[PDB]
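*Asks:* Got a structure for you, written out below as C-alpha cells; questions coming shortly.
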Amino acid sequence: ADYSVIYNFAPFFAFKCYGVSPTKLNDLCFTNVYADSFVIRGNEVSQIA
Amino acid sequence: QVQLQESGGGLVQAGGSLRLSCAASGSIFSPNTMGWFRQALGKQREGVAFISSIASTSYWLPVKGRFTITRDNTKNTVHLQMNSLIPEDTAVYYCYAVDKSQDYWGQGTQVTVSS
Amino acid sequence: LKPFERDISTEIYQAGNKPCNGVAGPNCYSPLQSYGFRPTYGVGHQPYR
Amino acid sequence: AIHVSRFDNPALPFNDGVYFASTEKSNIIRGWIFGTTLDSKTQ
C-alpha cells in the first residue's frame, strides 16, 4: 500500500483520519484494507464520519 | 486574574472596514503567544490568525490581505484590521492568549456584514 | 517528547505534501485540535480531568 | 576587560554551566547576569 500516490493524486476537500495518524500509515502494516468509493454532494461530505 | 478587553465589532456593510482590538491585562508572562478564533452561528470554532512575541505571524486561513495584525509592544496589545468584508466571515471573534502556563479567552465581539 | 516536557510553539503543520507557506488548508492543519466534548456522549468519550 | 576614559563586550553562552575565577579585588567585580534572550521575553 503506497499512500504517496494517494496523497499526490489531486487536491482534496477532506483528508480526515480517525483512529490513525496519516503519517504513520506508511510505517504501519495492516491485515486488510477496504476502499469504499462513492459520490455525494459537498454539503453531505461532513456526514461521512 | 487575566482580563482580555475586546472592541471594534458591530454592523458593517459589505466591502467595509473596521478595527478589532484586544488588550491583555492582569497576570501575563513572557512568551505571550496570541491570536484570534472565529465562531460561526451554530458552528465550530476555528483559528483566524496568530501573532507571537517575535513578530512571527501564522494565518490559519486563506485570508491574507484581508486580515492584518499589528502589535503594540509598549502596552502589549493586538489589533486586527478588517477590510474588504464579505458575508462569509460573519462570525463572533474571541482572541486567544495561550501564553506559558494557563491559556485564556475573550468574552466576545459581534462582527456582522450582509447586503 | 521528553518526560515532563511541554511543547508550546503553535507552528502550522503541513498535514501532507501540500506546503502551508503560512496558509492552513488542504493537507495543512494545525497540530492542535479541539476536543468535541458533549454531555450526550457516554463513558470513554466524556471529558475527564 | 579594559575601560578607557562601540559595542565590544558580547555576552557568553551558558552551555552546561560556568566556572569563574578572579584574583582582582572585591570591589571590582560585583555580580553577574543570566538569561536566555537578555530582555523582557525571558525571565
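Scheme for the C-alpha cells: letters A, B, ... for chains in order shown; per-chain residue numbers from 1; ligand numbers from 1 in order shown.
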Show which residues sit within 10 Å of segment 33-49 of chain A, as a list in words. Count only C-alpha atoms, and ignore same-chain residues fewer than 4 positions away.
*Replies:*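 In the requested format, the answer is residues 1, 13, 14, 16, 17 and 18 of chain A.
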*Asks:* Show me which bits of chain C are within 12 Å of chain A, counting only C-alpha atoms, as a PyMOL selection string.
*Replies:* chain C and resi 14-18+25-29+31
*Asks:* Give me the residues within 12 Å of residue 66 of chain B as a ChimeraX atom specification, counting only C-alpha atoms and dropping any in the same chain fewer than 5 places off.
*Replies:* /B:15-19,48-49,59,61,80-86,89
*Asks:* For residue 96 of chain B, find every residue with an atom within 9 Å (counting only C-alpha atoms), except residues of its own chain fewer than 4 positions away, and show them as number ranges by chain.
*Replies:* B: 4, 33-37, 50, 103-106
*Asks:* Grab the residues selected above and save them as a compact mmCIF listing (two decimals), in the first residue's frame with N, CA and C atoms.
*Replies:*
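Saved as out32.txt:
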```txt
# COMPACT_ATOMS: atom_id res chain seq x y z
N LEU B 4 -9.23 40.24 29.12
CA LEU B 4 -8.96 40.49 27.70
C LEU B 4 -10.02 41.47 27.20
N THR B 33 2.06 34.09 23.44
CA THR B 33 1.61 33.86 22.04
C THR B 33 0.11 34.18 21.96
N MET B 34 -0.32 34.98 20.98
CA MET B 34 -1.74 35.42 20.92
C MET B 34 -2.33 35.13 19.54
N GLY B 35 -3.62 35.41 19.34
CA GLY B 35 -4.25 35.15 18.06
C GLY B 35 -5.74 35.39 18.16
N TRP B 36 -6.47 34.91 17.16
CA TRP B 36 -7.91 35.08 17.11
C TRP B 36 -8.59 33.78 16.72
N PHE B 37 -9.83 33.62 17.19
CA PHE B 37 -10.67 32.46 16.91
C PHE B 37 -12.03 32.95 16.44
N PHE B 50 -2.59 34.14 14.12
CA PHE B 50 -1.79 34.12 15.34
C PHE B 50 -0.56 34.99 15.16
N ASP B 103 -3.86 29.07 29.42
CA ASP B 103 -4.40 29.84 28.31
C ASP B 103 -5.73 30.47 28.70
N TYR B 104 -6.06 31.58 28.03
CA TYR B 104 -7.24 32.36 28.36
C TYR B 104 -8.06 32.63 27.11
N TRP B 105 -9.23 33.24 27.32
CA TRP B 105 -10.16 33.53 26.24
C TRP B 105 -10.79 34.90 26.46
N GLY B 106 -11.27 35.49 25.36
CA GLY B 106 -12.03 36.72 25.44
C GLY B 106 -13.50 36.47 25.71
```
*Asks:* List the neighbours of residue 10 of chain C out to 12 Å using only C-alpha atoms; skip same-chain residues closer than 2 positions along the sequence, and give me the result as a ChimeraX atom specification.
*Replies:* /B:31-35,47,49-52,56-60,97-100 /C:7-8,12-13,22,29-33
*Asks:* Only N, CA, C and O atoms, please: the residues just picked out, written as an mmCIF file, in the first residue's frame.
*Replies:*
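Result file follows (again_19.cif):
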```cif
data_model
loop_
_atom_site.group_PDB
_atom_site.id
_atom_site.type_symbol
_atom_site.label_atom_id
_atom_site.label_comp_id
_atom_site.auth_asym_id
_atom_site.auth_seq_id
_atom_site.Cartn_x
_atom_site.Cartn_y
_atom_site.Cartn_z
ATOM 1 N N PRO B 31 6.546 34.558 26.898
ATOM 2 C CA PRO B 31 6.295 34.095 25.529
ATOM 3 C C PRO B 31 5.056 34.798 24.964
ATOM 4 O O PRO B 31 5.132 35.297 23.862
ATOM 5 N N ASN B 32 3.953 34.799 25.715
ATOM 6 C CA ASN B 32 2.741 35.553 25.298
ATOM 7 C C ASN B 32 2.411 35.319 23.820
ATOM 8 O O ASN B 32 2.487 36.294 23.049
ATOM 9 N N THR B 33 2.056 34.091 23.437
ATOM 10 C CA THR B 33 1.607 33.857 22.038
ATOM 11 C C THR B 33 0.111 34.182 21.962
ATOM 12 O O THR B 33 -0.631 33.689 22.832
ATOM 13 N N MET B 34 -0.315 34.984 20.981
ATOM 14 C CA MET B 34 -1.740 35.416 20.923
ATOM 15 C C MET B 34 -2.328 35.126 19.538
ATOM 16 O O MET B 34 -1.571 34.648 18.671
ATOM 17 N N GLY B 35 -3.624 35.410 19.343
ATOM 18 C CA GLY B 35 -4.252 35.145 18.064
ATOM 19 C C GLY B 35 -5.740 35.386 18.163
ATOM 20 O O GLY B 35 -6.224 35.966 19.132
ATOM 21 N N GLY B 47 -9.374 28.812 14.153
ATOM 22 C CA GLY B 47 -8.387 29.849 14.407
ATOM 23 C C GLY B 47 -8.258 30.783 13.219
ATOM 24 O O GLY B 47 -8.046 30.342 12.084
ATOM 25 N N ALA B 49 -6.031 33.781 13.026
ATOM 26 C CA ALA B 49 -4.621 34.075 12.812
ATOM 27 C C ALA B 49 -3.922 34.058 14.163
ATOM 28 O O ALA B 49 -4.563 33.966 15.211
ATOM 29 N N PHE B 50 -2.594 34.140 14.125
ATOM 30 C CA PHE B 50 -1.793 34.121 15.341
ATOM 31 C C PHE B 50 -0.556 34.987 15.162
ATOM 32 O O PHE B 50 0.061 34.992 14.093
ATOM 33 N N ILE B 51 -0.201 35.711 16.221
ATOM 34 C CA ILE B 51 0.995 36.539 16.271
ATOM 35 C C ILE B 51 1.740 36.221 17.560
ATOM 36 O O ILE B 51 1.130 36.102 18.630
ATOM 37 N N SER B 52 3.055 36.059 17.454
ATOM 38 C CA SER B 52 3.903 35.740 18.588
ATOM 39 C C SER B 52 4.633 36.997 19.060
ATOM 40 O O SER B 52 4.372 38.110 18.594
ATOM 41 N N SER B 56 6.473 37.033 14.517
ATOM 42 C CA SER B 56 6.151 35.958 13.591
ATOM 43 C C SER B 56 4.643 35.767 13.520
ATOM 44 O O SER B 56 3.968 35.675 14.551
ATOM 45 N N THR B 57 4.114 35.703 12.302
ATOM 46 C CA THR B 57 2.683 35.579 12.071
ATOM 47 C C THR B 57 2.378 34.238 11.421
ATOM 48 O O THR B 57 3.127 33.767 10.560
ATOM 49 N N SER B 58 1.274 33.626 11.845
ATOM 50 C CA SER B 58 0.798 32.362 11.286
ATOM 51 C C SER B 58 -0.706 32.492 11.072
ATOM 52 O O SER B 58 -1.479 32.487 12.034
ATOM 53 N N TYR B 59 -1.120 32.636 9.817
ATOM 54 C CA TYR B 59 -2.533 32.705 9.476
ATOM 55 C C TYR B 59 -3.047 31.304 9.174
ATOM 56 O O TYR B 59 -2.445 30.572 8.381
ATOM 57 N N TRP B 60 -4.160 30.934 9.808
ATOM 58 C CA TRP B 60 -4.743 29.608 9.651
ATOM 59 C C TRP B 60 -5.880 29.592 8.637
ATOM 60 O O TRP B 60 -6.787 28.760 8.735
ATOM 61 N N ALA B 97 -4.961 33.858 24.042
ATOM 62 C CA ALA B 97 -3.615 34.047 24.579
ATOM 63 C C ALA B 97 -3.192 32.742 25.245
ATOM 64 O O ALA B 97 -3.453 32.526 26.431
ATOM 65 N N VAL B 98 -2.542 31.867 24.474
ATOM 66 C CA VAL B 98 -2.108 30.585 25.020
ATOM 67 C C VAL B 98 -1.025 30.792 26.073
ATOM 68 O O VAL B 98 -1.033 30.144 27.127
ATOM 69 N N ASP B 99 -0.085 31.697 25.808
ATOM 70 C CA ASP B 99 0.902 32.174 26.788
ATOM 71 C C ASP B 99 1.766 30.995 27.237
ATOM 72 O O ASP B 99 2.205 30.209 26.383
ATOM 73 N N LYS B 100 2.036 30.829 28.531
ATOM 74 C CA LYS B 100 3.028 29.879 29.023
ATOM 75 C C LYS B 100 2.472 28.858 30.000
ATOM 76 O O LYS B 100 2.845 27.685 29.931
ATOM 77 N N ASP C 7 5.334 21.264 25.003
ATOM 78 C CA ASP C 7 5.525 21.891 23.703
ATOM 79 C C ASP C 7 4.484 22.988 23.538
ATOM 80 O O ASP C 7 3.283 22.733 23.676
ATOM 81 N N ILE C 8 4.944 24.200 23.242
ATOM 82 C CA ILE C 8 4.083 25.374 23.304
ATOM 83 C C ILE C 8 3.978 26.022 21.928
ATOM 84 O O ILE C 8 2.968 26.659 21.606
ATOM 85 N N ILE C 12 2.292 26.155 12.342
ATOM 86 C CA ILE C 12 1.334 25.486 11.471
ATOM 87 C C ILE C 12 1.995 24.265 10.846
ATOM 88 O O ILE C 12 3.099 24.347 10.291
ATOM 89 N N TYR C 13 1.329 23.119 10.947
ATOM 90 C CA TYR C 13 1.878 21.851 10.491
ATOM 91 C C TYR C 13 1.352 21.504 9.105
ATOM 92 O O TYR C 13 0.182 21.743 8.792
ATOM 93 N N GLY C 22 2.494 29.347 5.497
ATOM 94 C CA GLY C 22 1.658 30.226 6.285
ATOM 95 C C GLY C 22 0.190 30.189 5.931
ATOM 96 O O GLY C 22 -0.557 31.071 6.370
ATOM 97 N N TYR C 29 -3.046 21.359 8.409
ATOM 98 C CA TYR C 29 -3.842 21.603 9.598
ATOM 99 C C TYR C 29 -2.919 21.827 10.785
ATOM 100 O O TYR C 29 -1.794 21.317 10.825
ATOM 101 N N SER C 30 -3.403 22.604 11.747
ATOM 102 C CA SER C 30 -2.614 22.894 12.929
ATOM 103 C C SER C 30 -2.383 21.616 13.732
ATOM 104 O O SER C 30 -3.232 20.720 13.750
ATOM 105 N N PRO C 31 -1.236 21.503 14.403
ATOM 106 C CA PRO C 31 -1.022 20.347 15.284
ATOM 107 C C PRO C 31 -2.003 20.296 16.438
ATOM 108 O O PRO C 31 -2.176 19.233 17.044
ATOM 109 N N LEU C 32 -2.643 21.412 16.770
ATOM 110 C CA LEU C 32 -3.599 21.457 17.865
ATOM 111 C C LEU C 32 -5.021 21.339 17.330
ATOM 112 O O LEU C 32 -5.433 22.115 16.463
ATOM 113 N N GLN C 33 -5.762 20.363 17.850
ATOM 114 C CA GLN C 33 -7.168 20.178 17.518
ATOM 115 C C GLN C 33 -8.002 20.186 18.791
ATOM 116 O O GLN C 33 -7.557 19.729 19.846
#
```
*Asks:* As a short mmCIF file (atom, residue, chain, number, x, y, z; two decimals) with N, CA, C and O atoms, in the first residue's frame, list the residues of segment 13-43 of chain C assigned to strand (DSSP E or B) by DSSP on the backbone atoms of this structure.
*Replies:*
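The resulting out-v4.cif:
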```cif
data_model
loop_
_atom_site.label_atom_id
_atom_site.label_comp_id
_atom_site.auth_asym_id
_atom_site.auth_seq_id
_atom_site.Cartn_x
_atom_site.Cartn_y
_atom_site.Cartn_z
N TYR C 13 1.33 23.12 10.95
CA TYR C 13 1.88 21.85 10.49
C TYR C 13 1.35 21.50 9.11
O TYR C 13 0.18 21.74 8.79
N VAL C 23 -0.25 29.21 5.15
CA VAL C 23 -1.64 29.08 4.72
C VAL C 23 -2.13 27.71 5.16
O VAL C 23 -1.67 26.69 4.64
N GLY C 25 -4.83 24.83 5.12
CA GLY C 25 -5.82 24.38 4.17
C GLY C 25 -5.67 22.91 3.84
O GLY C 25 -5.52 22.06 4.73
N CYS C 28 -2.87 20.79 5.29
CA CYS C 28 -2.20 21.74 6.17
C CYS C 28 -3.18 22.07 7.30
O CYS C 28 -4.04 22.95 7.16
N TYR C 29 -3.05 21.36 8.41
CA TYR C 29 -3.84 21.60 9.60
C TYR C 29 -2.92 21.83 10.79
O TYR C 29 -1.79 21.32 10.83
#
```
*Asks:* Sort by chain and increasing residue number a table of all residues of chain D within 7 Å of chain B, each with its closest pair of atoms and their distance in Å to one decimal, counting only C-alpha atoms, and write it as JSON lines.
*Replies:*
```
{"residue": "D:40", "atom": "CA", "partner": "B:30", "partner_atom": "CA", "distance": 6.8}
{"residue": "D:41", "atom": "CA", "partner": "B:30", "partner_atom": "CA", "distance": 4.7}
{"residue": "D:42", "atom": "CA", "partner": "B:30", "partner_atom": "CA", "distance": 5.8}
```
*Asks:* Using the selection just defined, write its residues with C-alpha atoms as a PDB file, in the first residue's frame.
*Replies:*
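What landed in out29.pdb:
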```
ATOM      1  CA  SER D  40      11.700  41.084  28.515  1.00  0.00           C
ATOM      2  CA  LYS D  41      10.765  37.953  26.554  1.00  0.00           C
ATOM      3  CA  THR D  42      12.576  35.769  29.119  1.00  0.00           C
TER       4      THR D  42
END
```
*Asks:* Figure out the distance between atom CA of residue 113 of chain B and atom CA of residue 13 of chain B, please, to one decimal in Å.
*Replies:* 5.5 Å
*Asks:* Mind pulling up the distance from atom CA of residue 6 of chain C to atom CA of residue 38 of chain B?
*Replies:* 26.1 Å
*Asks:* Just how far from atom CA of residue 8 of chain B is atom CA of residue 69 of chain B, in Å to one decimal?
*Replies:*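 Separating atom CA of residue 69 of chain B from atom CA of residue 8 of chain B is a distance of 13.9 Å.
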